[PDB]
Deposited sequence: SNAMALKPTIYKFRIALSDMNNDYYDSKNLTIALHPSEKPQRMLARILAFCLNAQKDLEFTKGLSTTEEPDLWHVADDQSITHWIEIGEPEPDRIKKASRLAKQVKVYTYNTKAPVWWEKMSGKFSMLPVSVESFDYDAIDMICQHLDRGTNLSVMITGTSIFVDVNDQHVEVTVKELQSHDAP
């Protein structure tokens, strides 16, 4: 059965001067891991002004469809293949990649040349910090996300965890 998570988030983006309170309800399946779910939320927190939306595997993780049905923003969470981002870069105006695993530095060392031939941004999350936030996640968890510099400070059940955002490719 799908595990139901409810997140009450108080957001503070001190880089873009954006403050909002988002309530999100996410469904989790034993196949998917809670670490990838949190990485999608952090990308939503980093790009909340884009009015993104979560998705239900070729479909992106987060996107914003305009009235012309043109994908304005494409947010992929994970370590995708360059051919996938190659297709996504044509369909979407802006494509941003957020990796969240420990294999990312080795993955980037092999995909650096191909991704340099794409007008996208590649940024990395600290996995162990995301794993930490997972351990203190209740079925219904009240989170507080603070964004400053190149790091994300998350308050989850009084526990404070810093998640660094390393830049691999700008745009």
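The chain's deposited sequence has unresolved stretches at 1-6, 63-66, 182-184, with no C-alpha coordinates there.
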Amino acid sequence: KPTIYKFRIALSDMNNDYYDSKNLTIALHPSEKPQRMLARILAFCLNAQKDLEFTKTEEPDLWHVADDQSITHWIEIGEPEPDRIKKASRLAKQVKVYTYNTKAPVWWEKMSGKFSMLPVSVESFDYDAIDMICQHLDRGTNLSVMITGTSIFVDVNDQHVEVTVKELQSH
From here on, numbers count along this sequence of modelled residues.
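Between 63-71 and 127-135, it is 63-71 that carries the larger average Cα temperature factor according to the deposited entry. Stretches 25-33 and 41-49 differ in mean C-alpha B factor, with the higher average recorded for 25-33. Among the modelled residues of the chain, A88 sits in the middle third by CA temperature factor in this PDB entry. In this PDB entry, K166 carries a Cα temperature factor that places it within the lowest third of its chain's modelled residues.
Compared with the other modelled residues of the chain, the Cα B-factor recorded for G113 ranks in the middle third. Placement of the Cα temperature factor of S144 within the chain: lowest third of the modelled residues, per the deposited record.
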